[PDB]
Amino acid sequence: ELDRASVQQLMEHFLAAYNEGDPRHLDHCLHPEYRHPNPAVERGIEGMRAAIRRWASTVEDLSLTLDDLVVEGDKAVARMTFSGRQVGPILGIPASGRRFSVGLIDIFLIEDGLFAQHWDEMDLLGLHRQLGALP
Amino acid sequence: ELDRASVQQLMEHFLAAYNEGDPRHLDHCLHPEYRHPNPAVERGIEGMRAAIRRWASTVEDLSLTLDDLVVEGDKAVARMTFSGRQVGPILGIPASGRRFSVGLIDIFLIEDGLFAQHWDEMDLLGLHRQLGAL
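Each protein sequence line maps, in turn, to chains B and A. PDB author numbering puts the first sequence at residues 0 to 134. PDB author numbering puts the second sequence at residues 0 to 133.
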């Protein structure tokens with residue numbers, strides 16, 4: 000339903016939310032009834048707003064960049080690179096003060112012109128290794 | 000330039016290579032000059048054939064399933080689940096005899112009607128955890 004240019008605009012807002020640590024960008028790309036796949040995350044867009052706030056506090060010099068975008072029908076696939084310096088706990092890893100850079104791929108479902116749900120993979124093994132949690 | 004149904008057919012061959020432990024299926028979906036992103040892997044399709052042979056010998060009941068497929072132009076995105084029981088060395092982990100089931104997402108580049116390159120992420124952390132290595 001969304002044209003490709005429109006999906007590109009959604010992605011610009013998604014990236015800006017993280018890079019600027021400004022959750023308001025999410026209002027322009029995420030569904031208010033967003034369904035995070037982790038049930039520990041709050042239902043709706045508040046769950047993703049909480050993620051923005053967490054990253055803003057635990058990562059310095061955060062950078063999220065778009066390596067590739069693939070769009071078909073109600074699906075958008077974003078391959079991205081996520082980097083920064085760890086200054087707070089990240090996914091069970093105590094604050095190391097170290098740089099990291101890892102890849103991820105998110106697949107978004109589009110509903111009502113917004114991302115409503117995702118499935119993802121991130122190089123968490125690489126993240127653990129870079130942040131000194133694993134040899 | 001591949002019709003979408005044609006990409007689905009490529010994926011059926013890709014899945015069958017793993018599920019049947021038969022590298023010949025790769026001849027019907029991978030470019031002979033395949034470019035694996037890992038420089039440690041042999042150049043061309045033999046790098047991927049080697050992967051089939053390895054997984055087929057180290058995993059019992061190997062199952063590779065296609066959970067979602069997104070196709071646009073010369074790109075095919077396959078979200079998959081990789082399951083089985085470890086019966087040989089996997090990534091330096093000695094044979095544990097344990098079950099595993101982990102997700103991956105592969106993005107394939109299509110050249111000359113075949114997959115010629117990929118970018119991917121796979122839940123290797125989860126695989127290590129499930130096999131008792133971490």
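Note that the Cβ used here is the ideal one computed from N, Cα and C, for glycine as well.
For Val6 (chain B), no beta strand (DSSP E) run applies; the uninterrupted alpha helix (DSSP H) run containing it begins and ends at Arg3 to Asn18, by DSSP.
Distance from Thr80 (chain B) to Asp66 (chain B) at the Cβ level is roughly 6 Å; contact confirmed, criterion being Cβ atoms closer than 8 Å. Taking 7 Å as the CB threshold, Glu120 (chain A) lines the interface with chain B. Assigned with DSSP and collapsed to three states, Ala49 (chain A) falls in helix. When 9 Å is used as the limit between beta carbons, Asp67 (chain B) is near these residues of chain A: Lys74, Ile106 and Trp118, in chain order. By the beta-carbon neighbour count (other beta carbons within 10 angstroms, threshold 16), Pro36 (chain A) is exposed. Spatial neighbours of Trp118 (chain A) in its own chain (CB-CB distance under 7 Å, excluding positions within 5 residues in sequence) are listed in chain order as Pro36 and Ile106.
Distance from the CA of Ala55 (chain A) to the CA of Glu32 (chain B), rounded to the nearest whole angstrom, comes to 43 Å. Looking from the CA of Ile44 (chain A), the closest CA among A:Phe13, A:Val76 and A:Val86 belongs to A:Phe13. In this structure, DSSP gives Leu124 (chain B) a helical state, which the three-state scheme calls helix. Per the DSSP secondary-structure output, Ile44 (chain B) pairs with nothing in a beta bridge.
Under the Cβ criterion of 7 Å, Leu123 (chain A) is counted among the residues facing chain B.
The C-alpha of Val76 (chain B) is placed about 29 Å away from the C-alpha of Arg97 (chain B). Short of 7 Å from the beta carbon of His127 (chain B), and not among the five residues preceding or following it, lie these beta carbons of its own chain, in chain order: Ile92 and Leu133.
Only buried fits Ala16 (chain A), as 16 or more other CB atoms lie within 10 angstroms of its CB. With contacts defined as CB atoms closer than 7 Å, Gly83 (chain B) and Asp60 (chain B) qualify as a contacting pair. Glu71 (chain A) has a beta carbon lying within less than 7 Å of a beta carbon in chain B. What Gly102 (chain B) touches in chain A, judged by beta-carbon distance under 7 Å, is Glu120, going in chain order. With contacts defined as CB atoms closer than 7 Å, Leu63 (chain B) and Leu124 (chain A) fail to qualify as a contacting pair. Among the CB atoms of chain B, none fall inside 7 Å of the CB of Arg84 (chain A). Against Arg78 (chain B), the close residues of chain A are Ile106 and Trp118, in the order they occur along the chain (beta-carbon pairs closer than 7 Å).
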